[PDB]
């Protein structure tokens, strides 16, 4: 697979800057044109920037919205598709997928898509609560911002029968839930921990469901 490691982005205040760094690998980067597409949480996709290969003197096209503020850029040698966001607004909040797309063809490969938050608010570590009662188990990640938070059961290991509900916001604070349906015998005999992380505060809490 051709990857697109997109380091960068997170919580930022309005009028602040930011600069994501898409570093792909798996094809011939210097020869293909790249793009940056965003997705406001919930809504559809929005192309935002485009930088054509060296062959065309690193030509650039910027969507109307991000015009005169954003600055797509590349560095063939290091396979680094950059993007300089300036004079950020509240709208710019969202996911910024980094995708490569050859001239006249299609948006061939989309990356993962880092997060970006624009707000006057500040980060807050989440509270993790063990919701002990096949048996249903829960894990409540209460009050945190900006989003997102990864919720995993036993270092991710437990995959089947897991429901991580979308963190709905209340009073500028998010709360997310989780339910892992683990068969009878699997516990309390064994250990069913709940590992959640909030990159925005490097909040790694792995509260073990007990009792």
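Numbering follows the first chain given and starts at 1.
In this entry, residue 133 is separated from residue 134 by 4 to 9 residues of the deposited sequence that have no coordinates. Comparing the deposited coordinates for 181 to 189 and 27 to 35, the stretch with the larger average C-alpha B-factor is 181 to 189.
On average the C-alpha atoms of 137 to 145 have higher B-factors than those of the other stretch, with 137 to 145 and 90 to 98 being the two compared. Sorting the modelled residues of the chain by their CA temperature factor places residue 111 in the middle third. In the deposited entry, the Cα temperature factor of residue 151 places it in the lowest third of its chain's modelled residues. Residue 65 sits in the middle third of its chain by CA B factor, as recorded in the PDB entry. Sort the chain's modelled residues by C-alpha temperature factor and residue 203 lands in the highest third, per the entry. Per the deposited record, the Cα B-factor of residue 85 falls in the highest third when ranked against the other modelled residues of its chain.
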